[PDB]
């Protein structure tokens, strides 16, 4: 049909009027595919059902013990809550509030409490090589400024001398350079890589080669140990506010009764965060939300497995969607383990459309011609459907997925799932132009 794009590519496609019993287009709709960021559609629905639009992430400073003459006889607890939007200034402000409450001194330990979550901060099936990139920063219980920092790498004046790293003193990381500066001619330039090697306690070593360059190379990396990073920031703010402590910084991972909350920060409401997540394909909001869903549903520390089980259960029991053999490994779609058929994603989209007056969901999706990842998508623009499609992209090396809704020329809303992979821009554009033009004009 319209099928003629590259032969190496795999298309599974389903298009169906909202509320109809049969699809208008059905091409290999039962075939399971990698959803990439369209996984976020499922995460958003399950989140709204389990947590509600008004859920907020919460971070607190708590005291366990008596305060005598400005001395806490006991521990300060910083209880992190996986808030993906927490900033350095929020820590500073909670510390200011702690001081204001009359605590000048802690005769005890400072505990960094991450007990909200347990097990690894990285989902099964995430590629190891992207773990130092900010887009794949481990979505830990302890996040400050997205657990991303930047660094400037300078080549040495003398070839053979070590390239050197500048980093802002406000990042509690430890950088080492083993990078050799190459002369502009070097035979080494072709196959000598420039690499980052993370170590314990937020140490990073840069290795390999860098050709002489006139300006520094800017680099941004993901924090691997969020609890230590957040601890170091808290320790700095305590010291600056003149609060001393006699113990040490310790991680608290086991569930425990809360102390007296002396300071707190709540995120924006979940509906607002889910909107950012869908409009910008924000992996960190997606994946903090995902482990939070499991924690909320089962009253256990949030893990990837509990998140997966909970989302499956929510879809089946609340949304009437049995996802069968679907694999849900995370919230963002980062995992190469995620596997779902258009027919299953369609049941999710139909539920959303049928309940949209309740969920206010469709307004959160990128709107073609306006925003999100659809501000300008050549295929949709050329199909004449700007303003008519609200959809989530899933875009990877060779993957061009779209999942969402289109209003046709006759005013009917059709749901659609386009799972297209192994693509290797003209052919995609020609395919989407034709396909969406057809859907819009002929329905």
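What we label the rigid core is the largest C-alpha set whose atoms superpose within 1.5 Å from one form to the other. Residue numbers count along the first chain shown, from 1.
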Stretch farther from the shown model on average in 5 other deposited structures of this protein, with CA RMS computed after core superposition (180-188, 347-355): 180-188
Core-aligned Cα RMS comparison in 5 other deposited structures of this protein - stretch that moves more, 391-399 or 413-421: 391-399
Count class of coordinate-free deposited residues lying between the neighbours residue 22 and residue 23: none
Mean C-alpha temperature factor, higher of 222-230 and 100-108: 100-108
Segment of higher mean CA temperature factor, 343-351 or 258-266: 258-266
Residue selected from 160, 294, 125, 81 by maximal Cα B factor: 160
Highest-ranked of 246, 133, 363, 332 once sorted by CA temperature factor in the record: 246
Entry-reported Cα temperature factor of residue 208, expressed as the chain third it lands in: middle
Chain-wide C-alpha B factor ranking for residue 184, given as lowest, middle or highest third: highest
Relative C-alpha B-factor of residue 378, binned into the chain's lowest, middle or highest third: highest
Chain-wide C-alpha B factor ranking for residue 214, given as lowest, middle or highest third: highest
Entry-reported Cα temperature factor of residue 63, expressed as the chain third it lands in: highest
